[PDB]
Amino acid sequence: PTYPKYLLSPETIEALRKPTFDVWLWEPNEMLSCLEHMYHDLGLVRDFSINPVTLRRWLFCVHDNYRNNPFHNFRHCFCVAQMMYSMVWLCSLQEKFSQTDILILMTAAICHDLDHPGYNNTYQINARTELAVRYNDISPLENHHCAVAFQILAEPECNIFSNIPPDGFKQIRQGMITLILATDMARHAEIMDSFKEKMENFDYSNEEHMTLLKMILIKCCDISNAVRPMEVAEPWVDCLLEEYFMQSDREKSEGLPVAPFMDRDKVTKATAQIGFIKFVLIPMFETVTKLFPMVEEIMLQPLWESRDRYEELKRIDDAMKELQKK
């Protein structure tokens, strides 16, 4: 009568293009079909002569190399790449960007957290891990993500880039690296600044302007959870906090600095979200809206709502804990 799960119904194909898409409904293989579809639908399979079979193997290998972390997992990977896919449609990015650029944006989005250990850079550096030693305390996680990405692509079976002349590869690889390395939150302010600076007299044919825009785009998708509808956004926060508490417990247990923002004893869902939405998320999207007006209605709207929802929740949190003493 009807078809297997991995064949996407036309309703799904439609919803995939929109930020309201419910990421929680799907299972690993379903998600892999979606990612696969994105590559065809954006015409990347066509313009880069990607063998459609290689692509499936690549996607599967990528899935294997994500870990069973509360937040930094394949579902998140999928979530980021889906957001990226929405923005290509919403902002008509194919008008402003070459196909190469779109290829870079999508691949980097899929790859950006490969083999995340579930503990942040500060953990690596303070605990003097293999990765910190290997990368000399310079964005060890992001370097490793990027290294794993190209290890997968160096494998013949998984090499979606096999039909691209060497000079194209070099350009793609350089783009991915920049993008994946830019997801390190430590660099946030720096990148924001450079962007804001160039944002004063922006030129779509100045390569350094474009590079920064791509950087901002991936950063946007990276932390775009709070942009999604409340039902979808809310569980992600719990997962993130779960991961943070796991780290601080270890850090406490081994005698390493604990970040207050990760401390089980100091942190509440609302206080965590409020400053983050208000001071990191909102300003970042505000700046993007100057280039793409539609972003306000689609991205800023629900962020404002989330801000208000969490501010109100804090009032509640405060009133309740006040009650329990005086």
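Don't overthink the numbering: it's just position in the shown sequence, from 1.
Chemist: Averaging C-alpha B-factors over each stretch, which comes out higher, 8-16 or 298-306?
Modeler: The stretch with the larger mean CA B-factor is 8-16.
Chemist: Looking only at CA atoms, which has the higher mean B factor in the entry: 244-252 or 120-128?
Modeler: The stretch with the larger mean CA B-factor is 244-252.
Chemist: Considering only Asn159, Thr183, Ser205, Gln174, which residue's Cα atom bears the greatest B-factor as recorded?
Modeler: So the option with the highest C-alpha B-factor is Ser205.
Chemist: Please place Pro283 in the lowest, middle or highest third of its chain according to the CA B-factor in the PDB entry.
Modeler: Lowest third, going by the recorded CA B-factors of the chain.
Chemist: Taking the C-alpha B-factors as the PDB entry records them, is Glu155 in the lowest, middle or highest third of its chain?
Modeler: Middle third of the chain for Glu155's C-alpha B-factor.
Chemist: Lowest, middle or highest third: where is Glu234 by C-alpha B factor in its chain?
Modeler: It belongs to the highest third of the chain when residues are ordered by C-alpha B-factor.
Chemist: Taking only the Cα B-factors deposited for this chain, tell me whether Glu197 sits in the lowest, middle or highest third.
Modeler: Top third by C-alpha B-factor.
Chemist: Hey, what third does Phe169 fall into on Cα B-factor, ranked over its chain?
Modeler: Tercile = highest for this residue's CA B-factor.
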